[PDB]
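What follows is a single chain, given as structure tokens, in the form deposited in one PDB entry.
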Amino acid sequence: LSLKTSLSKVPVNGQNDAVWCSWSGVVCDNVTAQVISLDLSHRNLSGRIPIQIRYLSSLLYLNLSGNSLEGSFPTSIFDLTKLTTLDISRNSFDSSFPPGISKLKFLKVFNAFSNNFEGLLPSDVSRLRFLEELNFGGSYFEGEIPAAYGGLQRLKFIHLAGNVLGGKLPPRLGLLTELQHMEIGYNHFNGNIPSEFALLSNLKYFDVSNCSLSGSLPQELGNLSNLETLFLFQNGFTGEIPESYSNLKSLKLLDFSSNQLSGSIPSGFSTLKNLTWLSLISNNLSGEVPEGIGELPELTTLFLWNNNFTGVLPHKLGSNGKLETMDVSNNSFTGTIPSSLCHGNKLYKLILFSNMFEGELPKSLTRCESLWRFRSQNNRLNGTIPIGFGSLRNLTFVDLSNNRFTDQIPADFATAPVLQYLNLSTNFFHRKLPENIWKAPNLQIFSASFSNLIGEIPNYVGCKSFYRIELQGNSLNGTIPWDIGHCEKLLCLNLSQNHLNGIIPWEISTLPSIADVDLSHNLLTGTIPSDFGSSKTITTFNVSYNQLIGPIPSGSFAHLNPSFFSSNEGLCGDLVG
């Protein structure tokens, strides 16, 4: 009986983003006892609730959410005694929440999420003993959780996240026999999680993250079966993960990231067969990862980075065919990379950098049809980078730098359809560049620096998307290709520390956006083409330690660092000619 359906020659036009108190005011004028539901949500309304609203004495349902209602909460609403659900969420109500909610003794649902309330949580609420859902999150509430809130049985949902609450969590809250959902993180709570919370047998969702809590993780919480979501991240928990937590048979999501947990991932975790998401990022965890974690049938997300895990990755990880994102960077992992990681073609993000992984890149990875971002720099991977990556049609980011790869660079990389980043630096190839590397349709950053490259730099035909090129610190001999002007997007070029002889390619002056150029430590000869001096993008031009000849250009080279030169010949920039 809302939206102006039942009248209740009078308008029932609910739109035209009008402010309010009298756009309705009228809508309560209709003395009506035939109005049981009032849904004025999302009408861009603004103003106050008028006192006259008390005459809708038959109201059961009132939704005023998603407007711009302001001022203190309207006490008049409390005179709506048959109110059963009340939604005032997503508004701009401020000041302390006034006492008097008690008269709404039939209230089952109170949602006031996202408002401007301040002061203390109303202790008043604890006398609504039909109440089931309570949402007071997203405001500026202060102080402690009133221990009397634990007197709310039938209550199955409580949300108080995103306030400025603090103190210690009231152990009495554990008496909430029917609580299924508890979301009270993003506050300033301190102290430990109460042992008593282990009595919340019906609890399916447990937050309390981004707080200031501490202590060991309370073992007793292993009693909380039925629990599907356990978020305790961004706190200050210490000690080990309790082995009792392997009894959480319903657990789907686990997040202990950004704490100070130590010890090992308990081997019982291998029995949590419903785990979807396991995140233990940025802790002081150690020891090995239980083999059984690679056989969890539903595991899709695996975050273990910034710990100090040792040992092998579980042989059969990924064999469930459901692994999507894995990040175990910043550890001390060893052994080979399991071949089963991308079984099912669901793996799209594979981040393994900063470990001690050895052996050959498993060739199965080249048939990972969903792979999108691959970062495995800083390891001990050996052998030849396998051929097949260029056939992955969504591979966009590859970092295999600082490894121990040898012989040839796979020629498919050149024909990878969407590859945007490719490093490969620091790697001991002792082979030529693939001769059609610069035809890569998409490739913005290519950095095979200090990778023991040899031979001539192939002709820059194509060079469509390149804007950063790093090939410094190799043994590239021959001449810098004279067709470098095909690289119209180029910004930074480093060919320093090679064996490049011959002239500086004039066609560099043709580049619209070239900014940083380093050709230092080579065997270059000839002039710096004076047309360089009319560039209005070149910021760095290090060409020092060469055999160049003639005057340095003027124009926009007159304000360059003289250090950029160290060949026998110059102009006023240092020693006149």
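Residue indices: 1-based, along the sequence shown.
Colleague: Mind giving me a quick count class for deposited residues absent from the model between residue 8 and residue 9? Options are none, 1 to 3, 4 to 9, 10 or more.
Modeller: Missing residues, residue 8 to residue 9: 4 to 9.
Colleague: Would 279-287 or 435-443 have the larger average of its C-alpha temperature factors, as given in the entry?
Modeller: Comparing 279-287 with 435-443, the higher average CA B-factor belongs to 435-443.
Colleague: Taking only the CA atoms, which stretch has the higher mean B-factor in the record, 396-404 or 122-130?
Modeller: Mean CA B-factor is higher for 122-130.
Colleague: Based on the PDB record, which member of 183, 369, 470, 327 exhibits the highest Cα temperature factor?
Modeller: Going by the entry's C-alpha B-factors, 369 comes out highest.
Colleague: Specify which of 64, 60, 552, 515 carries the largest Cα B factor in the deposited PDB entry.
Modeller: In this record, 60 carries the highest C-alpha B-factor of the candidates.
Colleague: Can you tell me which third, lowest, middle or highest, the CA B-factor of residue 540 falls into for its chain?
Modeller: Ranked within chain, residue 540 CA B lands in the lowest tercile.
Colleague: Lowest, middle or highest third: where is residue 520 by Cα B-factor in its chain?
Modeller: Lowest third - that is where residue 520 ends up once the chain's C-alpha B-factors are sorted.
Colleague: Would you mind checking where the Cα B-factor of residue 140 ranks among the modelled residues of its chain, as the lowest, middle or highest third?
Modeller: It falls in the bottom third of the chain.
Colleague: Would you mind ranking residue 93 by its C-alpha B-factor against the rest of the chain and naming the third, lowest, middle or highest?
Modeller: According to the entry, residue 93 has a C-alpha B-factor in the chain's middle third.
Colleague: How does residue 299 rank on Cα B-factor within its chain, lowest, middle or highest third?
Modeller: It falls in the bottom third of the chain.
There is another form of this protein, the form solved in complex with a partner chain, and it is not shown here; the text below is about that form.
Colleague: Just to be sure I understand the contacts: of 300, 270, 494, 258, which is the one whose heavy atoms reach within 4.5 angstroms of its partner chain in the entry with it bound?
Modeller: Answer to the contact question: 258.
Colleague: Heavy atom within 4.5 Å of its partner chain in the entry with it bound: which of 130, 140, 506, 428 fits that? Just give me the one.
Modeller: Checked against the cut-off, the match is 140.
Colleague: Could you tell me which stretch in 160-168, 408-416, 441-449, 310-318 has residues with non-hydrogen atoms within 4.5 Å of its partner chain in the entry with it bound?
Modeller: Only one stretch passes the 4.5 Å heavy-atom test: 160-168.
Colleague: Would you classify residue 186 as touching its partner chain in the entry with it bound, given a 4.5 Å non-hydrogen atom cut-off?
Modeller: Result yes; residue 186 sits at the interface with its partner chain in the entry with it bound.
Colleague: Counting only non-hydrogen atoms and a 4.5 angstroms cut-off, does residue 353 reach its partner chain in the entry with it bound?
Modeller: Answer yes; at least one heavy atom of residue 353 falls within 4.5 Å of its partner chain in the entry with it bound.
Colleague: Would residue 327 count as a contact of its partner chain in the entry with it bound, using a 4.5 angstroms cut-off between non-hydrogen atoms?
Modeller: Although its partner chain is absent here, residue 327 would touch it in the entry with it bound, with heavy atoms inside 4.5 Å.
Colleague: Indicate whether residue 175 is a 4.5 Å heavy atom neighbour of its partner chain in the entry with it bound.
Modeller: Output for residue 175 is no: heavy atoms all beyond 4.5 Å of its partner chain.
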